[PDB]
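This document starts with one chain, in the form deposited in one PDB entry, laid out as structure tokens.
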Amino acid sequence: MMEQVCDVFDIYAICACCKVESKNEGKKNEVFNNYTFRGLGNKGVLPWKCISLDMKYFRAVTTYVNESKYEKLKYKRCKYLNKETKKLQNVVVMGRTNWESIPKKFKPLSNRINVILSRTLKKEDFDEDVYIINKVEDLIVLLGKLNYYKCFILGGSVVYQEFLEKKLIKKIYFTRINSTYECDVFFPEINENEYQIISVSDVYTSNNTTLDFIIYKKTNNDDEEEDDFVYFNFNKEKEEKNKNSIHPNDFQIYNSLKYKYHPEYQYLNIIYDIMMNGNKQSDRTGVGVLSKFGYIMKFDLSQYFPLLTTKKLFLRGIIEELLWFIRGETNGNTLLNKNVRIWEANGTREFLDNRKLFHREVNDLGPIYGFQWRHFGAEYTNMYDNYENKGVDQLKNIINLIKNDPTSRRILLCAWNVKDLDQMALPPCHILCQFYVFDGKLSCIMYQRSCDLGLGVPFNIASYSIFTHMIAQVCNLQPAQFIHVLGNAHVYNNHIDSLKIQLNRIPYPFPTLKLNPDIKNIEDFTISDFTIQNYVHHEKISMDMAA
């Protein structure tokens, strides 16, 4: 161990990678991994038309200096080589093709030191205060003579390839662009043993793509108020109750992360919380849970579609269910004949009998969500009866409100009808949603009384997110936030090992949802009006791992 080269000289790789078109060997049969995001360039330019937010990220990472921490680094640098050499700048390193593709109005890059890798050009051509090298070591030298903050390797592929071959990068600042384009040059396969992810940012939309910012790190083979903090923590616990449940190392990869800003962590951190701090309880099913009470999650629907990526999820079933609710239906068979088996178990002879609904036809689920959304307060008879004009059509009511009185605080869709609870195959989990409108934008809160975190909550997030889009569109509004409130939040005992596996997986930038813009009424949507674009995801998990 010689104190490392790129740790002394602060040498970093900053890149942007899209998905690569290897059409047409399937689409539904795809095994995703980190290597998915790979495409650097195509025929002398970037694969994409623009991408402004990654441009603005690049700008701030490569032009940010901290004057204070510099002395700590200047003292560190001169000590190693034995040497001595207005405002402070960063050193950006690039190749020739890379350098000559940028416009002359934007050359050289403002407030940086612009080194170039080329076995061709000499200094005479650039009369400017810009440097040239010609070998792998010539940079190491040129940094020693210069006063800088950090060193950023800008590519392209060959430049990147050989900076990682000779192990001269400590950290990789990596934008994942969640879309496909034609590419002929690729970022290299990042080796597993060498580099590991340490931070993952929030998810964003810039110019019709989602994207996220991750960071890889290299791996081995005044002060009174800081005391005031320790004082306020005098009574804090020295160990948690679930230590007959959890080993130190179950969450190695989850805990190895420094910044977890991906909105999926809002879901994973709740599961972590329950597994660590939750309460051992029985329940109706007999399986037993770890439970806690009261959480809030928020998803920014303007930036992404919150479909979980740490496991595989399918949407057709939940969209069929949503459209069946909107119709006012309670007929389990309509769903069964489309091969959506969400309500199957809830409609059997055995099940209906355990509910003492002895006189109810198989798959007649009684006055559940659909019925309450369209006919609240009407007498339920059977699934085939004519209910047209009977009871309060909440759905129509909330839509008229959202259009005609947006500032109303009464825009609520409720399924918890106390009168009818006992006639329902089972009482509703999603008690209600409340809508909110400001500046042409719709947000939705959904209160959920009971939440199976391993199995149900992933579908529930997606479903009310879709529903929020549907409502917004048919009201001439843009979707804003979906806010999910959790009552009894539980992890079922038979889900533990599966969640230990899931929680150690690193989220992918989220997909998006496209709706047919022609649909102007809630009643008019059909299954093919829905498209999930750019769904990148880990492999499926069977939530109890044997059946």
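Think of the rigid core as the biggest set of C-alphas that the two forms share within 1.5 Å after superposition. Just count from 1 along the sequence shown to find any residue number.
Keep in mind that the form deposited in another entry is not shown, yet the notes after this line are about it.
Participant: At a threshold of 2 angstroms on the CA positions, core aligned, which residue out of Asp439, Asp405, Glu240, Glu182 shifts between this form and the one not shown?
Facilitator: Single residue meeting the criterion: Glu240.
Participant: Quick one: core overlaid, is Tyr254 moving 2 Å or more at the Cα between this form and the one not shown?
Facilitator: No; that C-alpha moves by less than 2 Å between this form and the one not shown.
Participant: Superpose on the rigid core, then tell me if the C-alpha of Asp129 is displaced by 2 angstroms or more between this form and the one not shown.
Facilitator: Yes, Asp129 moves 2 Å or more.
Participant: Regarding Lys241 and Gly456, go with closer or farther for their CA spacing in the other entry versus this form, the difference being 3 Å or more.
Facilitator: Farther apart, which means the C-alphas of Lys241 and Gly456 are at least 3 Å more distant in the other entry.
Participant: Thinking of the 3 angstroms or more shift, are the C-alphas of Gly456 and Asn242 brought closer or pushed farther apart in the other entry than in this view?
Facilitator: It is farther: the C-alpha separation of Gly456 and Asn242 rises by at least 3 Å in the other entry.
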